[PDB]
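Novice: What follows is a structure written as C-alpha cells; I'll ask about it next.
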Amino acid sequence: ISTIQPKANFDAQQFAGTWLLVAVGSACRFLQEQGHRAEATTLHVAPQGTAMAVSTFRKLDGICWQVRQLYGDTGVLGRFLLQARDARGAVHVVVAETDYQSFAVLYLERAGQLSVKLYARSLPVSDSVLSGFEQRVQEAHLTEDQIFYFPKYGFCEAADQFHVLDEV
Amino acid sequence: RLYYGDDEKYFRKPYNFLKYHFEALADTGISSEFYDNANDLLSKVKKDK
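In order, the protein sequence lines correspond to chains F and E. Position in the first sequence (first residue = 1) + 12 = PDB author numbering. Position in the second sequence (first residue = 1) + 165 = PDB author numbering.
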C-alpha cells in the first residue's frame, strides 16, 4: 500500500461540478455480497479552500438521498482525508487521474482496505479510460472479480431537506 | 453502501424500573369553529301635509 501519484497540478476549480459514478473496484464485501441494487450515484463538487465539499446523491428504496462531506486536504495538493465521523476511521483520498472535463479515477483507502472509483462527466466512458481503470485495479492487486459497474440511468439530484445526511 | 448503525439498539434497564416499554403512538385532535351574525334594520317615515 502506498499513496500513488495524483493528477499533476490538480485544479480543484476544474475538477469541480458534476460527476457521475460509473464503476467501483474494491475488495469490499458489500459490492460482491448483495451486489444487486448498486443504485446510481452522482457528486456535486465544490472547492471550499483547499478542502472540497462533496454532495453525493443516491436513491435508497426510491427515496432520493444526499450525503454532504468535506474532503479535508492533507496539506498536499490532490490529497485529502475524510474524518472518522462515526468512528469509521479516516479515509485517505487521492485524485489519481482525471480529465476534469471528461473522466476521473479516484483512490480511496482505509486501514489498507482500498477502493478505486471511476467517475465521468458523461454517460459513456472511453474504453481506453475503462481499460486504464482495469490496469489501475490490477496494480492495486484487485481482481477483475472485484470490479463492479453502476447503471446508466436513474441518477438523482436535490434530495429533500429530510433526506440529507449532512455528516460534514 | 448506505447502511444503518446499531450502537443504540439496546439499553440496560435500571433496577428500579419494573417496566420500560418503547412504543410509537401519535394522536391528534383538531376542532375549529366559526359563528358569525350580521343583523341590520333601517326604518323611516316621511309625513307631508
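Heads up, the beta-carbon is just placed ideally off N, CA and C, and yes, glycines get one too.
Should residue 75(F) be labelled buried (16 or more other beta-carbon atoms within 10 Å of its own) or exposed?
Specialist: Residue 75(F) is exposed by the Cβ-count criterion.
Novice: Counting C-beta neighbours from all protein chains within 10 Å, is the total for residue 81(F) 16 or more, i.e. buried, or is it exposed?
Specialist: By the neighbour-count rule (16 or more Cβ atoms within 10 Å), residue 81(F) is buried.
Novice: Looking at the structure shown, is residue 80(F) part of a helix, part of a strand, or coil, going by DSSP?
Specialist: Here residue 80(F) sits in strand by DSSP.
Novice: Determine whether the Cβ of residue 183(F) lies closer than 9 Å to any Cβ atom of chain E.
Specialist: No answer is possible for residue 183(F): it lies beyond the span of chain F, which begins at 13 and ends at 180.
Novice: Below 9 Å between beta carbons is the criterion; list the residues of the region 35 to 51 of chain F that meet it against any residue of chain E, in chain order.
Specialist: So the list reads 40, 42, 43, 46, 51, given in the order they occur along the chain.
Novice: Using a Cβ cut-off of 8 Å, pull out every chain E residue sitting near residue 77(F), in sequence order please.
Specialist: Near residue 77(F) (Cβ distances below 8 Å), the residues of chain E are 167.
Novice: Beta carbons nearer than 7 Å to chain E: which residues of the region 80 to 101 of chain F have them?
Specialist: Within the region 80 to 101 of chain F, the residues whose Cβ lies closer than 7 Å to some Cβ of chain E are 98, listed in chain order.
Novice: CB residue 107(F) to CB residue 116(F), shorter than 9 Å?
Specialist: Yes.
Novice: Consider the Cβ of residue 170(E): report whether some Cβ of chain F lies at a distance smaller than 9 Å.
Specialist: At least one chain F Cβ lies under 9 Å of residue 170(E).
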